[PDB]
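What follows is a set of notes on a single structure, which appears directly below.
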Protein chains: 2
Amino acid sequence: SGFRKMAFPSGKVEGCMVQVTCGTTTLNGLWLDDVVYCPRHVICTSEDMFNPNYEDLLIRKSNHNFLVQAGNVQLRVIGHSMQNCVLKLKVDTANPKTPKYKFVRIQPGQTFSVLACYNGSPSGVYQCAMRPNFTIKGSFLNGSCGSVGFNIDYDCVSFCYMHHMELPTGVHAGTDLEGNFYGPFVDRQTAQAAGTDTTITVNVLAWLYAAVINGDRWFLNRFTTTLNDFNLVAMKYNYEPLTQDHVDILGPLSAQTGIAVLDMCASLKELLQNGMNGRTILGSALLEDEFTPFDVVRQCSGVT
Amino acid sequence: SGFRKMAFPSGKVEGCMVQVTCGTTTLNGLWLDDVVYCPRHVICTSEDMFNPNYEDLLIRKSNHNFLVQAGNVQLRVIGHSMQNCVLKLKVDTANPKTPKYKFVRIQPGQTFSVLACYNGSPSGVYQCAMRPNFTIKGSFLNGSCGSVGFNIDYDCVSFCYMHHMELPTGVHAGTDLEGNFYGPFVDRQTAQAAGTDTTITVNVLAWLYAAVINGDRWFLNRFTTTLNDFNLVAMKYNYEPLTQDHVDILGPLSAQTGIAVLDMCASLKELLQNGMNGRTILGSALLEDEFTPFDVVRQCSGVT
Ligand SMILES: *[C@H](O)[C@H](C[C@@H]1CCNC1=O)NC(=O)[C@H](CC(C)C)NC(=O)OCc1ccccc1
Ligand SMILES: *[C@H](O)[C@H](C[C@@H]1CCNC1=O)NC(=O)[C@H](CC(C)C)NC(=O)OCc1ccccc1
């Protein structure tokens with residue numbers, strides 16, 4: 001037993017991380033086949049980053065201006081292109097460690113693993129949710145851009161996130177591997193708002209189910225509710241409205257625990273209205289919303 | 001900015017995980033050079049596990065009774081020995097992916113990364129502290145034994161933990177890579193007590209420093225204290241007594257923030273006595289003690 005925020009093993013992605021330097025700016029790139037993907041603001045000086053004209057900046061750059069290093073070994077850049085907010089650098093060597101991979105645009109409420117990197121070298125790994133307001137709550141310093149987020153399904157790495165920036169609220173923003181930002185964000189150093197950070201209701205319920213699967217049951221009560229009545233309380237607390245598809249997704253955890261989803265909803269309602277009275281759930285004193293139902297099943301079933 | 005529980009990249013350890021089956025029992029092994037390390041209870045049937053006589057059970061086993069698989073590829077076992085609570089299986093092939101490595105016995109209060117595995121295949125990665133009562137709070141199912149915990153310093157993997165069992169309280173217990181349990185535990189299915197779970201004071205302070213490094217400062221007050229007076233309150237709350245060596249270890253975070261350690265101690269005292277009044281620190285509503293000072297510096301400096 002036990003329940004922990006758990007990242008995927010990072011080995012397959014470690015072998016894809018390179019360093020990309022353009023002038024004075026160094027960040028990370030993702031090397032897959034003969035292409036290196038990185039954030040386009042690698043072509044910016046610090047001054048340029050407040051209002052870059054990326055097309056104009058990029059025109060002053062040639063292949064030899066992009067220094068790409070895989071470990072100690074320099075890669076030869078033979079072409080470059082800009083796709084939305086990422087650069088694709090073509091190199092003369094296919095990465096021999098390229099895993100089976102896909103690029104995917106994840107949906108809000110889904111989770112993924114971040115391999116935080118500096119100077120092309122991995123620093124650590126942790127799980128994030130793409131929040132409903134299309135930000136993530138990560139750990140990123142100067143030099144971390146180009147770090148990527150991913151999921152693994154057996155053998156295949158689905159890359160879904162590349163890191164670009166931090167918002168004034170301390171949350172983090174980035175793109176899919178085609179260079180399209182999640183959310184309304186642009187890669188320039190202006191003040192930008194993410195909007196209300198609503199809570200992923202279905203994930204909170206999944207984590208309450210995880211708590212019961214793992215022995216924590218004090219919050220279970222004698223009440224039930226309805227979707228519409230629950231949601232009247234979801235709105236007040238800036239929770240996402242719960243839908244029958246959410247109910248179905250919780251099916252396996254509901255079946256597996258014998259607790260009807262709407263009964264658990266009634267437990268959640270009481271926790272929202274009355275707090276946790278100094279108690280804890282799976283070692284937390286807050287309602288946790290960054291575990292998907294799949295994450296709960298995956299962990300409690302030992303999926304590898 | 002941002003602060004997250006962060007595991008080391010697992011790639012170097014992934015390449016060392018194998019499957020070890022003895023009869024009906026399958027668990028994980030660690031393959032380094034021509035030796036596979038695994039928990040000795042792989043030789044037990046389910047019945048044997050309540051009161052095994054390991055020496056007697058092991059005498060009925062020969063090399064060919066240990067099936068060791070690296071991915072799809074069978075390894076040939078050419079010798080076996082029992083060292084404390086682990087088996088060393090000698091195989092005829094040196095692991096070509098063996099990293100630079102050390103075996104270390106970590107001290108209580110230090111952290112490490114767990115690569116949870118099933119059937120010799122990695123499932124996920126997460127950070128644990130060796131708690132003062134020599135348990136860890138992990139996520140482990142049937143089949144997870146032989147999963148290992150480790151630290152990396154640049155190129156060298158220091159293995160410090162191998163997983164063996166779960167206590168009735170839902171916490172986890174295991175050995176160093178020489179097979180010696182952390183704590184008073186034995187590998188048999190009896191009820192076993194870990195004792196009072198005291199809190200790692202120096203780590204809580206480090207995490208309060210991390211909170212300030214990352215913008216959370218509401219808990220800073222106008223008070224200071226002394227070591228002896230602080231500890232009078234540490235005892236009541238089952239915190240470890242704070243020592244001057246702890247104070248020195250916090251030196252870099254104290255210097256880096258301009259907050260005297262004893263001033264921060266006064267903040268912690270008030271948080272213990274008055275709770276957090278519904279507020280949060282680095283996204284938590286509890287005082288977090290599983291980050292070492294080193295962990296805080298490492299993360300906030302981008303060590304790779
Ligand atoms: C890429 O390495 C970097 C990551 C930032 C730096 C601190 N934490 C992060 O997530 N991105 C930028 O520096 C980004 C570049 C623009 C062209 C979008 N600018 C940015 O995030 O500005 C806000 C900021 C910068 C430096 C420190 C704190 C906030
Ligand atoms: C090794 O795979 C296994 C890991 C346990 C199983 C559930 N969670 C864990 O950490 N260890 C054992 O099964 C261990 C073997 C003895 C010879 C020490 N026995 C054990 O941990 O018993 C308690 C227990 C067993 C099964 C489910 C829940 C608790």
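Letters A, B, ... go to the chains of the structure tokens in the order shown; residues in each chain start at 1; ligands are counted from 1 in the same order.
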
### Task
May I have the residues within 7 Å of residue B:240 as a count of residues only, using only C-alpha atoms and disregarding those fewer than 4 positions away in the same chain?
5

### Query
If we count only C-alpha atoms, which residues of chain A reach to within 7 Å of chain B? Please list them as a VMD selection string.
chain A and resid 1 to 11 14 118 121 to 126 138 to 141 170 285 to 286 302 to 304

Take the selection from the previous step and output its residues with N, CA and C atoms, as a short mmCIF file (atom, residue, chain, number, x, y, z; two decimals), in the first residue's frame.
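Below is the file again23.cif, written as the result:
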```cif
data_model
loop_
_atom_site.label_atom_id
_atom_site.label_comp_id
_atom_site.auth_asym_id
_atom_site.auth_seq_id
_atom_site.Cartn_x
_atom_site.Cartn_y
_atom_site.Cartn_z
N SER A 1 0.83 -1.23 0.00
CA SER A 1 0.00 0.00 0.00
C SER A 1 0.86 1.26 0.00
N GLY A 2 0.19 2.39 0.17
CA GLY A 2 0.78 3.71 0.11
C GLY A 2 0.48 4.39 -1.20
N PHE A 3 0.44 5.72 -1.17
CA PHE A 3 0.13 6.50 -2.36
C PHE A 3 1.04 7.71 -2.40
N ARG A 4 1.76 7.87 -3.51
CA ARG A 4 2.77 8.90 -3.66
C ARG A 4 2.66 9.51 -5.05
N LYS A 5 2.99 10.80 -5.14
CA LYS A 5 3.19 11.42 -6.44
C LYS A 5 4.41 10.79 -7.09
N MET A 6 4.20 10.16 -8.24
CA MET A 6 5.17 9.25 -8.84
C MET A 6 5.39 9.64 -10.29
N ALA A 7 6.64 9.87 -10.64
CA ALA A 7 6.94 10.16 -12.03
C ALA A 7 7.28 8.89 -12.78
N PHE A 8 7.17 8.96 -14.10
CA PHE A 8 7.64 7.86 -14.91
C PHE A 8 9.16 7.77 -14.84
N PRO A 9 9.71 6.58 -15.02
CA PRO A 9 11.16 6.47 -15.17
C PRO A 9 11.60 7.26 -16.39
N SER A 10 12.67 8.02 -16.20
CA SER A 10 13.08 9.06 -17.14
C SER A 10 14.11 8.59 -18.15
N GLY A 11 14.57 7.34 -18.07
CA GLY A 11 15.72 6.93 -18.86
C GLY A 11 15.56 7.18 -20.35
N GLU A 14 16.04 10.92 -20.91
CA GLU A 14 17.40 11.37 -20.62
C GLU A 14 18.26 11.30 -21.87
N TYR A 118 19.21 21.23 -16.95
CA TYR A 118 20.03 22.42 -17.14
C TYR A 118 21.24 22.05 -17.98
N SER A 121 21.61 18.65 -19.32
CA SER A 121 21.83 17.54 -18.41
C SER A 121 20.66 17.42 -17.44
N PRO A 122 20.06 16.24 -17.31
CA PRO A 122 18.90 16.09 -16.42
C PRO A 122 19.25 16.32 -14.96
N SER A 123 18.37 17.07 -14.28
CA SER A 123 18.49 17.41 -12.87
C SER A 123 17.54 16.62 -11.98
N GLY A 124 16.32 16.34 -12.43
CA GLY A 124 15.39 15.59 -11.59
C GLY A 124 14.06 15.45 -12.29
N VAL A 125 13.17 14.69 -11.66
CA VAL A 125 11.91 14.31 -12.29
C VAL A 125 10.76 14.43 -11.29
N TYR A 126 9.64 14.96 -11.77
CA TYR A 126 8.46 15.15 -10.93
C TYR A 126 7.22 15.23 -11.80
N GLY A 138 5.44 23.87 -11.25
CA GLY A 138 6.66 23.12 -11.36
C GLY A 138 7.77 23.71 -10.53
N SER A 139 8.98 23.37 -10.94
CA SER A 139 10.21 23.83 -10.30
C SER A 139 11.20 24.09 -11.43
N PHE A 140 11.37 25.36 -11.79
CA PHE A 140 12.13 25.73 -12.97
C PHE A 140 12.95 26.99 -12.69
N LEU A 141 14.23 26.95 -13.04
CA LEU A 141 15.12 28.09 -12.90
C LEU A 141 15.56 28.59 -14.27
N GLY A 170 4.14 32.73 -10.08
CA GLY A 170 5.00 31.62 -9.75
C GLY A 170 4.63 30.30 -10.39
N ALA A 285 -3.08 17.78 4.28
CA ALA A 285 -4.13 18.55 4.92
C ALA A 285 -4.92 19.41 3.93
N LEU A 286 -4.74 19.18 2.64
CA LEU A 286 -5.51 19.86 1.61
C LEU A 286 -6.08 18.81 0.68
N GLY A 302 0.10 -1.35 -10.01
CA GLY A 302 1.48 -1.67 -10.32
C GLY A 302 1.82 -1.68 -11.80
N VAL A 303 1.10 -0.89 -12.61
CA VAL A 303 1.36 -0.86 -14.04
C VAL A 303 2.82 -0.51 -14.31
N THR A 304 3.42 -1.22 -15.26
CA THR A 304 4.81 -0.96 -15.61
C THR A 304 4.99 -0.71 -17.11
#
```

### Task
From a DSSP calculation on the backbone, collect every residue of stretch 140-289 of chain A in alpha helix (DSSP H) and output the set as an NGL selection string.
:A and (201-213 or 227-236 or 244-249 or 251-257 or 261-274)

#### Entry: Near-residue B:176 list (12 Å; only C-alpha atoms; drop same-chain fewer than 5 positions) as an MDAnalysis selection string
chainID B and resid 37:39 83:86 102:107 130 134 146:150 158:164 181:183

For the selection you just gave me, I'd like the residues written to a file as a short mmCIF file (atom, residue, chain, number, x, y, z; two decimals), in the first residue's frame, keeping N, CA, C and O atoms.
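Writing done, so here's out_33.cif:
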```
data_model
loop_
_atom_site.label_atom_id
_atom_site.label_comp_id
_atom_site.auth_asym_id
_atom_site.auth_seq_id
_atom_site.Cartn_x
_atom_site.Cartn_y
_atom_site.Cartn_z
N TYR B 37 21.80 -8.67 -6.84
CA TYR B 37 21.40 -8.54 -5.45
C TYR B 37 19.89 -8.57 -5.36
O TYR B 37 19.22 -7.84 -6.10
N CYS B 38 19.33 -9.37 -4.46
CA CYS B 38 17.89 -9.34 -4.25
C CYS B 38 17.55 -9.70 -2.82
O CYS B 38 18.38 -10.27 -2.09
N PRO B 39 16.32 -9.42 -2.39
CA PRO B 39 15.88 -9.87 -1.06
C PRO B 39 15.90 -11.39 -0.94
O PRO B 39 15.44 -12.11 -1.83
N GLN B 83 23.94 -12.87 2.24
CA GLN B 83 24.61 -11.88 3.07
C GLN B 83 23.54 -11.13 3.86
O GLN B 83 22.81 -10.30 3.29
N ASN B 84 23.46 -11.40 5.16
CA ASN B 84 22.40 -10.80 5.97
C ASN B 84 21.07 -11.09 5.30
O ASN B 84 20.74 -12.26 5.08
N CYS B 85 20.29 -10.07 4.94
CA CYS B 85 18.97 -10.33 4.39
C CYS B 85 18.90 -10.24 2.87
O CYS B 85 17.80 -10.17 2.33
N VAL B 86 20.04 -10.24 2.16
CA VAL B 86 20.00 -10.26 0.71
C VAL B 86 20.74 -11.48 0.20
O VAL B 86 21.59 -12.06 0.88
N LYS B 102 28.47 3.13 -5.72
CA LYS B 102 28.90 2.83 -4.36
C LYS B 102 27.70 2.23 -3.65
O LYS B 102 26.55 2.49 -4.02
N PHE B 103 27.95 1.44 -2.60
CA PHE B 103 26.92 1.10 -1.63
C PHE B 103 27.13 1.96 -0.39
O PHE B 103 28.25 2.04 0.13
N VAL B 104 26.07 2.59 0.09
CA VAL B 104 26.17 3.42 1.28
C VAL B 104 25.01 3.12 2.21
O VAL B 104 23.90 2.80 1.78
N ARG B 105 25.27 3.24 3.50
CA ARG B 105 24.23 3.18 4.51
C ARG B 105 23.91 4.62 4.88
O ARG B 105 24.73 5.30 5.52
N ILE B 106 22.73 5.10 4.44
CA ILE B 106 22.37 6.51 4.67
C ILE B 106 21.99 6.69 6.13
O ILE B 106 21.58 5.77 6.84
N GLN B 107 22.11 7.89 6.57
CA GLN B 107 21.76 8.26 7.93
C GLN B 107 20.29 8.67 8.01
O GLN B 107 19.73 9.17 7.03
N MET B 130 14.69 8.66 4.79
CA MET B 130 14.87 7.68 5.85
C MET B 130 14.46 8.35 7.14
O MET B 130 15.14 9.26 7.61
N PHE B 134 13.51 4.95 11.12
CA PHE B 134 14.08 4.02 10.14
C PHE B 134 13.02 3.33 9.29
O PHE B 134 13.19 2.18 8.87
N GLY B 146 12.90 -5.68 -3.78
CA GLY B 146 14.06 -5.56 -4.63
C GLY B 146 14.17 -4.23 -5.34
O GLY B 146 15.26 -3.90 -5.83
N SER B 147 13.09 -3.48 -5.44
CA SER B 147 13.20 -2.07 -5.77
C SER B 147 14.22 -1.41 -4.85
O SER B 147 14.32 -1.75 -3.67
N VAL B 148 14.96 -0.44 -5.40
CA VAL B 148 16.08 0.17 -4.68
C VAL B 148 15.91 1.68 -4.59
O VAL B 148 15.19 2.32 -5.37
N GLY B 149 16.57 2.24 -3.58
CA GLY B 149 16.66 3.67 -3.39
C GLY B 149 18.09 4.11 -3.58
O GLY B 149 19.03 3.37 -3.29
N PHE B 150 18.27 5.33 -4.09
CA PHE B 150 19.60 5.76 -4.49
C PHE B 150 19.70 7.27 -4.47
O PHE B 150 18.70 7.99 -4.50
N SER B 158 24.97 6.14 -5.70
CA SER B 158 25.14 5.59 -4.36
C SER B 158 23.84 4.89 -4.01
O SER B 158 22.84 5.55 -3.71
N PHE B 159 23.84 3.57 -4.07
CA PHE B 159 22.66 2.81 -3.67
C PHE B 159 22.62 2.72 -2.16
O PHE B 159 23.62 2.38 -1.52
N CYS B 160 21.46 3.00 -1.58
CA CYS B 160 21.36 2.97 -0.13
C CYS B 160 20.21 2.15 0.43
O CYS B 160 20.19 1.92 1.65
N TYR B 161 19.26 1.69 -0.39
CA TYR B 161 18.05 1.05 0.13
C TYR B 161 17.62 -0.03 -0.83
O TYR B 161 17.67 0.15 -2.05
N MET B 162 17.16 -1.16 -0.28
CA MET B 162 16.46 -2.18 -1.04
C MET B 162 15.19 -2.55 -0.29
O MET B 162 15.22 -2.76 0.93
N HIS B 163 14.09 -2.65 -1.02
CA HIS B 163 12.81 -2.76 -0.37
C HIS B 163 12.47 -4.20 -0.01
O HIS B 163 12.58 -5.11 -0.84
N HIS B 164 11.98 -4.40 1.26
CA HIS B 164 11.62 -5.72 1.76
C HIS B 164 10.19 -5.87 2.31
O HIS B 164 9.62 -6.95 2.16
N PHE B 181 19.01 -4.50 7.71
CA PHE B 181 17.85 -3.64 7.83
C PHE B 181 18.21 -2.29 8.42
O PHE B 181 19.10 -2.18 9.27
N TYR B 182 17.54 -1.25 7.94
CA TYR B 182 17.40 -0.03 8.71
C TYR B 182 16.36 -0.27 9.79
O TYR B 182 15.28 -0.80 9.51
N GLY B 183 16.68 0.09 11.02
CA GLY B 183 15.76 -0.10 12.12
C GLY B 183 15.80 -1.50 12.70
O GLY B 183 16.66 -2.32 12.35
#
```

### Summary
residue B:49 proximity check over B:36, B:271, B:235, B:186, using only C-alpha atoms: winner is B:186

### Query
Counting only C-alpha atoms, what is within 10 Å of residue A:73, bar same-chain residues fewer than 4 positions away, as a list in words?
residues 18, 68 and 69 of chain A

Please produce a file of the residues just selected, as an mmCIF file, in the first residue's frame, where the atoms kept are N, CA, C and O atoms.
```
data_model
loop_
_atom_site.group_PDB
_atom_site.id
_atom_site.type_symbol
_atom_site.label_atom_id
_atom_site.label_comp_id
_atom_site.auth_asym_id
_atom_site.auth_seq_id
_atom_site.Cartn_x
_atom_site.Cartn_y
_atom_site.Cartn_z
ATOM 1 N N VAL A 18 19.728 17.446 -25.075
ATOM 2 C CA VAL A 18 20.951 18.087 -25.540
ATOM 3 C C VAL A 18 20.965 19.540 -25.068
ATOM 4 O O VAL A 18 19.972 20.074 -24.575
ATOM 5 N N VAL A 68 24.961 22.863 -30.698
ATOM 6 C CA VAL A 68 24.207 21.763 -30.114
ATOM 7 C C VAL A 68 25.208 20.724 -29.638
ATOM 8 O O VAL A 68 26.019 20.226 -30.428
ATOM 9 N N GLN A 69 25.133 20.388 -28.356
ATOM 10 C CA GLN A 69 26.048 19.450 -27.732
ATOM 11 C C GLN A 69 25.257 18.337 -27.069
ATOM 12 O O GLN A 69 24.356 18.602 -26.269
#
```

### Query
So, counting only C-alpha atoms, which residue among B:248, B:155, B:290, B:34 is closest to residue B:208?
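Selected residue with least distance to residue B:208: B:290.
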
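Atom CA of residue B:112 lies 9.0 Å from atom CA of residue B:152.
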
Determine which residues of stretch 48-181 of chain A DSSP labels as strand (DSSP E) from the backbone of this structure, then write them out as a compact mmCIF listing (two decimals) with N, CA and C atoms, in the first residue's frame.
```txt
# COMPACT_ATOMS: atom_id res chain seq x y z
N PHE A 66 23.88 27.97 -34.17
CA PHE A 66 23.26 27.11 -33.17
C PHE A 66 24.26 26.04 -32.76
N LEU A 67 24.78 26.15 -31.55
CA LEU A 67 25.69 25.14 -31.01
C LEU A 67 24.88 24.11 -30.25
N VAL A 68 24.96 22.86 -30.70
CA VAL A 68 24.21 21.76 -30.11
C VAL A 68 25.21 20.72 -29.64
N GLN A 69 25.13 20.39 -28.36
CA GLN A 69 26.05 19.45 -27.73
C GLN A 69 25.26 18.34 -27.07
N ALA A 70 25.60 17.10 -27.40
CA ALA A 70 25.05 15.90 -26.77
C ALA A 70 26.13 15.33 -25.86
N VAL A 73 29.79 15.83 -26.95
CA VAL A 73 29.94 15.61 -28.39
C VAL A 73 29.09 16.64 -29.12
N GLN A 74 29.73 17.41 -30.01
CA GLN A 74 29.07 18.44 -30.79
C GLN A 74 28.30 17.84 -31.95
N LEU A 75 27.08 18.32 -32.18
CA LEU A 75 26.27 17.90 -33.31
C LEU A 75 26.35 18.96 -34.40
N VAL A 77 24.76 21.10 -37.25
CA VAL A 77 23.45 21.62 -37.64
C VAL A 77 23.47 21.91 -39.14
N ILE A 78 22.53 21.30 -39.87
CA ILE A 78 22.46 21.38 -41.32
C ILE A 78 21.15 21.99 -41.80
N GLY A 79 20.32 22.48 -40.91
CA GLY A 79 19.11 23.22 -41.33
C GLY A 79 18.39 23.67 -40.07
N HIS A 80 17.59 24.74 -40.28
CA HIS A 80 16.80 25.24 -39.14
C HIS A 80 15.49 25.83 -39.64
N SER A 81 14.46 25.74 -38.80
CA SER A 81 13.13 26.26 -39.12
C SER A 81 12.44 26.64 -37.82
N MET A 82 11.49 27.58 -37.90
CA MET A 82 10.67 27.94 -36.74
C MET A 82 9.23 27.48 -36.96
N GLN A 83 8.71 26.73 -35.99
CA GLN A 83 7.33 26.24 -36.01
C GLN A 83 6.63 26.78 -34.76
N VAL A 86 8.60 27.01 -31.30
CA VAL A 86 9.79 26.19 -31.17
C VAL A 86 10.60 26.28 -32.45
N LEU A 87 11.89 25.99 -32.31
CA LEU A 87 12.79 25.81 -33.43
C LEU A 87 13.03 24.32 -33.62
N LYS A 88 13.14 23.92 -34.87
CA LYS A 88 13.55 22.58 -35.26
C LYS A 88 14.92 22.74 -35.90
N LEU A 89 15.95 22.19 -35.27
CA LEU A 89 17.29 22.22 -35.81
C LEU A 89 17.59 20.85 -36.42
N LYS A 90 17.80 20.81 -37.72
CA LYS A 90 18.17 19.55 -38.35
C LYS A 90 19.67 19.35 -38.16
N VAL A 91 20.05 18.16 -37.72
CA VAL A 91 21.45 17.80 -37.50
C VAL A 91 21.78 16.61 -38.40
N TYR A 101 8.19 7.15 -30.04
CA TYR A 101 7.61 8.36 -29.47
C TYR A 101 6.48 8.89 -30.34
N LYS A 102 5.62 9.67 -29.69
CA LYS A 102 4.55 10.44 -30.31
C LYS A 102 4.64 11.85 -29.74
N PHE A 103 4.12 12.84 -30.48
CA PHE A 103 3.82 14.15 -29.92
C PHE A 103 2.32 14.22 -29.67
N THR A 111 -2.14 14.52 -16.38
CA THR A 111 -0.85 14.64 -15.73
C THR A 111 0.26 14.20 -16.67
N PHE A 112 1.48 14.57 -16.29
CA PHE A 112 2.66 14.13 -17.01
C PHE A 112 3.88 14.32 -16.12
N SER A 113 4.98 13.69 -16.53
CA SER A 113 6.24 13.80 -15.83
C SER A 113 7.09 14.88 -16.48
N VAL A 114 7.73 15.71 -15.66
CA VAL A 114 8.72 16.68 -16.11
C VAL A 114 10.11 16.14 -15.78
N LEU A 115 10.99 16.13 -16.79
CA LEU A 115 12.42 15.93 -16.60
C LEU A 115 13.07 17.31 -16.66
N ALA A 116 13.28 17.90 -15.48
CA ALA A 116 13.92 19.21 -15.40
C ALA A 116 15.38 19.05 -15.77
N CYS A 117 15.87 19.91 -16.66
CA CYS A 117 17.23 19.85 -17.14
C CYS A 117 17.88 21.22 -17.13
N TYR A 118 19.21 21.23 -16.95
CA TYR A 118 20.03 22.42 -17.14
C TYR A 118 21.24 22.05 -17.98
N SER A 121 21.61 18.65 -19.32
CA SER A 121 21.83 17.54 -18.41
C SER A 121 20.66 17.42 -17.44
N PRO A 122 20.06 16.24 -17.31
CA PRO A 122 18.90 16.09 -16.42
C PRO A 122 19.25 16.32 -14.96
N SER A 123 18.37 17.07 -14.28
CA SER A 123 18.49 17.41 -12.87
C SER A 123 17.54 16.62 -11.98
N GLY A 124 16.32 16.34 -12.43
CA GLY A 124 15.39 15.59 -11.59
C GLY A 124 14.06 15.45 -12.29
N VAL A 125 13.17 14.69 -11.66
CA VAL A 125 11.91 14.31 -12.29
C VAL A 125 10.76 14.43 -11.29
N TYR A 126 9.64 14.96 -11.77
CA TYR A 126 8.46 15.15 -10.93
C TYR A 126 7.22 15.23 -11.80
N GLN A 127 6.08 14.94 -11.19
CA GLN A 127 4.80 14.90 -11.88
C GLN A 127 4.11 16.26 -11.83
N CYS A 128 3.45 16.62 -12.93
CA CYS A 128 2.63 17.82 -13.01
C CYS A 128 1.29 17.50 -13.64
N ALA A 129 0.27 18.26 -13.26
CA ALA A 129 -0.99 18.30 -13.99
C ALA A 129 -1.03 19.54 -14.87
N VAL A 148 11.23 18.99 -20.91
CA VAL A 148 10.00 18.46 -21.51
C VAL A 148 9.21 17.65 -20.49
N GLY A 149 7.92 17.55 -20.77
CA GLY A 149 7.00 16.72 -20.01
C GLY A 149 6.50 15.59 -20.89
N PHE A 150 6.24 14.44 -20.29
CA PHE A 150 5.94 13.26 -21.08
C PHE A 150 5.13 12.27 -20.28
N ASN A 151 4.51 11.35 -21.01
CA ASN A 151 3.93 10.14 -20.46
C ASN A 151 4.56 8.95 -21.19
N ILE A 152 4.54 7.79 -20.55
CA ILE A 152 4.96 6.55 -21.20
C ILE A 152 3.77 5.60 -21.14
N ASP A 153 3.50 4.94 -22.27
CA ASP A 153 2.56 3.83 -22.34
C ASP A 153 3.38 2.64 -22.85
N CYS A 156 6.26 3.43 -25.53
CA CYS A 156 6.15 4.65 -26.32
C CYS A 156 6.12 5.88 -25.43
N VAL A 157 7.02 6.83 -25.70
CA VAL A 157 7.05 8.11 -24.99
C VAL A 157 6.17 9.09 -25.75
N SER A 158 5.12 9.57 -25.10
CA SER A 158 4.26 10.62 -25.66
C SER A 158 4.73 11.93 -25.04
N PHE A 159 5.45 12.73 -25.82
CA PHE A 159 5.87 14.03 -25.34
C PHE A 159 4.71 15.00 -25.46
N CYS A 160 4.45 15.76 -24.40
CA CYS A 160 3.32 16.68 -24.45
C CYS A 160 3.64 18.11 -24.04
N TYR A 161 4.81 18.40 -23.48
CA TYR A 161 5.08 19.72 -22.92
C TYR A 161 6.54 20.06 -23.14
N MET A 162 6.80 21.33 -23.47
CA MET A 162 8.15 21.88 -23.44
C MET A 162 8.11 23.21 -22.70
N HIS A 163 9.08 23.39 -21.82
CA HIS A 163 8.99 24.50 -20.89
C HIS A 163 9.54 25.79 -21.49
N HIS A 164 8.76 26.91 -21.30
CA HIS A 164 9.14 28.22 -21.82
C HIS A 164 9.20 29.37 -20.80
N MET A 165 8.31 29.41 -19.80
CA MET A 165 8.27 30.63 -18.99
C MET A 165 7.56 30.44 -17.65
N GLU A 166 7.73 31.44 -16.80
CA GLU A 166 7.11 31.52 -15.49
C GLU A 166 6.27 32.78 -15.43
N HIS A 172 3.87 28.03 -14.11
CA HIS A 172 4.72 27.80 -15.27
C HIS A 172 3.89 27.51 -16.51
N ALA A 173 4.45 27.91 -17.66
CA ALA A 173 3.74 27.88 -18.92
C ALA A 173 4.67 27.42 -20.02
N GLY A 174 4.08 26.78 -21.02
CA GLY A 174 4.87 26.17 -22.06
C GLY A 174 4.01 25.72 -23.21
N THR A 175 4.63 24.96 -24.11
CA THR A 175 4.01 24.55 -25.36
C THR A 175 3.94 23.03 -25.47
```

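Computed from the coordinates, the atom CA of residue A:98 to atom CA of residue B:96 distance equals 19.4 Å.
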
### Message
Using only C-alpha atoms, which protein or nucleic acid residues come within 9 Å of residue A:192? Drop anything in the same chain fewer than 5 positions from it, and give the result as a list in words.
### Response
residues 167, 168, 184, 185 and 186 of chain A

Just-selected residues, N, CA, C and O atoms written as a PDB file, in the first residue's frame:
```pdb
ATOM      1  N   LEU A 167       5.058  32.648 -14.894  1.00  0.00           N
ATOM      2  CA  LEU A 167       4.146  33.768 -14.734  1.00  0.00           C
ATOM      3  C   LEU A 167       4.384  34.471 -13.409  1.00  0.00           C
ATOM      4  O   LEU A 167       4.909  33.877 -12.463  1.00  0.00           O
ATOM      5  N   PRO A 168       3.961  35.741 -13.285  1.00  0.00           N
ATOM      6  CA  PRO A 168       4.178  36.462 -12.031  1.00  0.00           C
ATOM      7  C   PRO A 168       3.632  35.743 -10.800  1.00  0.00           C
ATOM      8  O   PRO A 168       4.094  36.019  -9.694  1.00  0.00           O
ATOM      9  N   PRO A 184      -3.365  31.043 -22.972  1.00  0.00           N
ATOM     10  CA  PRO A 184      -3.328  32.259 -23.802  1.00  0.00           C
ATOM     11  C   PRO A 184      -1.972  32.946 -23.854  1.00  0.00           C
ATOM     12  O   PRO A 184      -1.851  34.107 -24.256  1.00  0.00           O
ATOM     13  N   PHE A 185      -0.933  32.212 -23.490  1.00  0.00           N
ATOM     14  CA  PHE A 185       0.363  32.815 -23.233  1.00  0.00           C
ATOM     15  C   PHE A 185       1.170  32.993 -24.506  1.00  0.00           C
ATOM     16  O   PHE A 185       0.973  32.300 -25.509  1.00  0.00           O
ATOM     17  N   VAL A 186       2.060  33.978 -24.465  1.00  0.00           N
ATOM     18  CA  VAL A 186       2.991  34.265 -25.539  1.00  0.00           C
ATOM     19  C   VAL A 186       4.376  34.310 -24.922  1.00  0.00           C
ATOM     20  O   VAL A 186       4.537  34.626 -23.737  1.00  0.00           O
TER      21      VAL A 186
END
```

### Query
Using only C-alpha atoms and all ligand atoms, which of the listed residues (B:23, B:293, B:29, B:52) sits closest to ligand 2?
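Under the stated criterion, the closest residue is B:52.
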
### Message
Env of residue B:272: 10 Å cut, atoms = only C-alpha atoms, seq-sep filter 5 positions within chain, self excluded. Answer as a ChimeraX atom specification.
### Response
/B:233-234,236-237,266-267,287
